[PDB]
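K.L.:
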Amino acid sequence: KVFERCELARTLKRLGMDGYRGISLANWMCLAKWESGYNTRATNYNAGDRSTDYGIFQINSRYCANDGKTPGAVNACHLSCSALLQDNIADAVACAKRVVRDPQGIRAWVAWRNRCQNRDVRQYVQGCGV
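Throughout the sequence shown, residue numbering follows the deposited numbering, covering 1 to 130 in sequence.
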(Lines of atoms letter the chains of each structure in order from A and count residues from 1; the text may use other names and numbers.)
(Lines give C-alpha, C1' and ligand atoms only; values in the text may rest on other atoms or scores of the structure.)
Protein backbone atom coordinates (compact mmCIF):
# COMPACT_ATOMS: atom_id res chain seq x y z
CA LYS A 1 0.00 0.00 0.00
CA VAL A 2 1.33 3.43 -0.98
CA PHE A 3 -0.20 6.11 1.23
CA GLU A 4 -1.18 9.56 0.02
CA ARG A 5 0.55 12.13 2.34
CA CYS A 6 -2.46 13.54 4.28
CA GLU A 7 -4.02 10.09 4.57
CA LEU A 8 -0.85 8.98 6.35
CA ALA A 9 -0.59 12.16 8.43
CA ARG A 10 -4.17 11.55 9.68
CA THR A 11 -3.55 7.83 10.22
CA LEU A 12 -0.38 8.53 12.24
CA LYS A 13 -2.27 11.18 14.27
CA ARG A 14 -5.07 8.75 15.17
CA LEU A 15 -2.54 6.07 16.29
CA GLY A 16 -0.88 8.36 18.84
CA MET A 17 2.36 9.29 17.05
CA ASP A 18 2.14 13.05 17.40
CA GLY A 19 4.62 13.96 20.10
CA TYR A 20 5.37 10.30 20.93
CA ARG A 21 8.52 10.55 23.00
CA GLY A 22 8.67 14.24 22.06
CA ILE A 23 8.86 13.27 18.38
CA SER A 24 6.68 15.45 16.18
CA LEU A 25 4.21 14.26 13.57
CA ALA A 26 6.14 16.15 10.88
CA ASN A 27 9.30 14.19 11.91
CA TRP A 28 7.52 10.84 11.68
CA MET A 29 6.18 11.85 8.24
CA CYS A 30 9.64 12.98 7.09
CA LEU A 31 11.07 9.61 8.20
CA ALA A 32 8.47 7.48 6.41
CA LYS A 33 8.83 9.66 3.34
CA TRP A 34 12.62 9.13 3.03
CA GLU A 35 12.73 5.59 4.31
CA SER A 36 9.97 4.10 2.11
CA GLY A 37 8.21 6.76 0.07
CA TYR A 38 5.15 5.78 2.18
CA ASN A 39 5.07 2.20 0.81
CA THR A 40 4.20 -0.54 3.27
CA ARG A 41 5.73 -3.29 1.13
CA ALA A 42 9.21 -1.65 0.90
CA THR A 43 12.06 -3.96 1.96
CA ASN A 44 15.80 -3.26 1.93
CA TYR A 45 18.54 -5.81 2.43
CA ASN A 46 21.67 -4.73 4.37
CA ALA A 47 24.58 -6.67 2.77
CA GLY A 48 26.82 -5.11 5.36
CA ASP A 49 25.25 -6.86 8.37
CA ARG A 50 23.08 -9.54 6.76
CA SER A 51 19.82 -7.89 7.88
CA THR A 52 16.61 -6.62 6.28
CA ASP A 53 14.55 -3.43 6.84
CA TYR A 54 10.82 -3.72 6.53
CA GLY A 55 7.93 -1.53 5.64
CA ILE A 56 6.88 2.08 5.99
CA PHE A 57 9.43 3.02 8.68
CA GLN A 58 12.08 0.51 7.46
CA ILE A 59 12.36 -1.31 10.78
CA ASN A 60 15.33 -3.73 11.02
CA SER A 61 14.88 -7.48 11.36
CA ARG A 62 16.73 -7.31 14.74
CA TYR A 63 13.34 -6.09 16.03
CA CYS A 64 11.11 -8.68 14.28
CA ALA A 65 13.34 -11.66 13.44
CA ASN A 66 15.50 -11.05 16.51
CA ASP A 67 18.90 -12.44 15.45
CA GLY A 68 19.06 -15.97 16.85
CA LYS A 69 22.50 -15.42 18.50
CA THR A 70 24.66 -12.51 19.83
CA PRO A 71 21.61 -10.23 19.92
CA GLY A 72 23.01 -6.70 20.23
CA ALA A 73 20.51 -5.28 22.77
CA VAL A 74 17.19 -4.17 21.28
CA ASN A 75 13.60 -3.59 22.30
CA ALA A 76 12.19 -6.39 20.12
CA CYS A 77 8.69 -6.17 18.72
CA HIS A 78 5.96 -8.64 19.50
CA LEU A 79 5.38 -9.57 15.84
CA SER A 80 6.85 -11.47 12.88
CA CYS A 81 8.54 -9.44 10.12
CA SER A 82 5.66 -10.07 7.68
CA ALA A 83 3.39 -8.07 10.02
CA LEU A 84 5.52 -5.08 8.98
CA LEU A 85 4.39 -5.26 5.37
CA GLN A 86 0.61 -5.23 5.75
CA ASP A 87 -1.70 -2.48 4.51
CA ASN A 88 -2.92 -1.56 8.04
CA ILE A 89 -0.02 0.20 9.75
CA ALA A 90 -1.02 -0.29 13.37
CA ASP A 91 1.43 -3.15 14.15
CA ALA A 92 4.18 -1.22 12.39
CA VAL A 93 3.52 1.93 14.44
CA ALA A 94 3.45 -0.02 17.76
CA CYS A 95 6.81 -1.50 16.79
CA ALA A 96 8.29 1.91 15.75
CA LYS A 97 7.25 3.16 19.22
CA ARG A 98 9.35 0.35 20.72
CA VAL A 99 12.31 1.10 18.47
CA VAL A 100 12.37 4.81 19.38
CA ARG A 101 12.86 4.10 23.07
CA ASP A 102 16.21 2.36 22.22
CA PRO A 103 19.37 4.41 22.99
CA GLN A 104 19.44 6.13 19.59
CA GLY A 105 15.85 7.47 19.54
CA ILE A 106 14.97 8.74 16.03
CA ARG A 107 18.66 9.21 15.23
CA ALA A 108 18.62 5.45 14.75
CA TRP A 109 17.49 6.07 11.12
CA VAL A 110 20.21 7.68 8.94
CA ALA A 111 17.76 8.98 6.38
CA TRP A 112 16.19 11.03 9.19
CA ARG A 113 19.54 12.48 10.19
CA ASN A 114 20.39 13.43 6.62
CA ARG A 115 17.05 14.44 5.20
CA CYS A 116 14.99 15.57 8.18
CA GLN A 117 17.13 16.76 11.10
CA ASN A 118 17.21 20.58 11.37
CA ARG A 119 15.29 20.72 8.10
CA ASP A 120 11.87 22.21 7.43
CA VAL A 121 9.60 19.24 8.30
CA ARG A 122 6.36 21.31 8.26
CA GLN A 123 5.75 20.63 4.60
CA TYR A 124 4.92 16.97 5.20
CA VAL A 125 1.81 17.88 7.21
CA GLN A 126 0.75 21.17 5.69
CA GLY A 127 -2.89 21.22 4.75
CA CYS A 128 -3.75 17.84 6.23
CA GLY A 129 -5.87 19.32 9.07
CA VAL A 130 -3.78 17.53 11.72
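Using N, Cα and C, we set each Cβ at its ideal position, and we do this for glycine too.
Kindly indicate which three-state DSSP category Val2 falls into: helix, strand or coil?
P.N.:
If you number the sequence shown from 1, residue 2 lands on position 2. It is a strand residue.
K.L.:
Give the straight-line distance between the Cα atoms of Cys6 and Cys128, rounded to the nearest whole angstrom.
P.N.:
Counted from its first residue, the sequence shown places residue 6 at position 6. Counted from its first residue, the sequence shown places residue 128 at position 128. Going by the C-alpha atoms only, they are around 5 Å apart.
K.L.:
Of the residues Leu25, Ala65, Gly72 and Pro71, which one's Cα is nearest the Cα of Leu84?
P.N.:
Taking the first residue of the sequence shown as position 1, residue 84 is located at position 84. That would be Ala65, whose Cα lies nearest to the Cα of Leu84.
K.L.:
What is the DSSP secondary structure of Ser51, counted as helix, strand or coil?
P.N.:
Your numbering for residue 51 matches position 51 in the sequence shown. Residue state, collapsed to three classes: strand.
K.L.:
As a quick exercise: from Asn27, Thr40, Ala90 and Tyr54, pick the residue whose alpha carbon is nearest that of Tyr124.
P.N.:
Stepping through the sequence shown from its first residue, residue 124 is reached at position 124. Residue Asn27 is the option with its Cα nearest to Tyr124.
K.L.:
When the Cα of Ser80 is compared with those of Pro71, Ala73, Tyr63 and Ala96, which residue comes out closest?
P.N.:
The residue you call residue 80 lines up with position 80 of the sequence shown. Here the closest residue by C-alpha is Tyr63.
K.L.:
Given 8 Å as the limit, is there contact between the stretch 72-79 and the stretch 88-97, that is, 3 or more CB pairs closer than that?
P.N.:
Touching, yes.
K.L.:
Let me know the secondary structure DSSP gives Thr70 once reduced to three states.
P.N.:
To locate residue 70, count along the sequence shown from 1; it is residue 70. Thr70 falls in the coil class under three-state DSSP.
K.L.:
Using the rule of at least 16 other Cβ atoms within 10 Å of the residue's Cβ for burial, across every protein chain shown, is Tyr45 buried or exposed?
P.N.:
Residue mapping note: residue 45 aligns to position 45 of the sequence shown, counting from 1. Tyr45 comes out exposed.
K.L.:
Identify the residues that DSSP records as bridge partners of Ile23: which are they?
P.N.:
As a working note, residue 23 is residue 23 in the sequence shown. In the DSSP output, where bridge partners are listed per residue, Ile23 has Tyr20.
K.L.:
Determine the contact status of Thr70 and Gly55, defining contact as a CB-CB distance below 9 Å.
P.N.:
Position 70 of the sequence shown holds residue 70. Position 55 of the sequence shown holds residue 55. No, the Cβ-Cβ distance between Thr70 and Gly55 is not below 9 Å.
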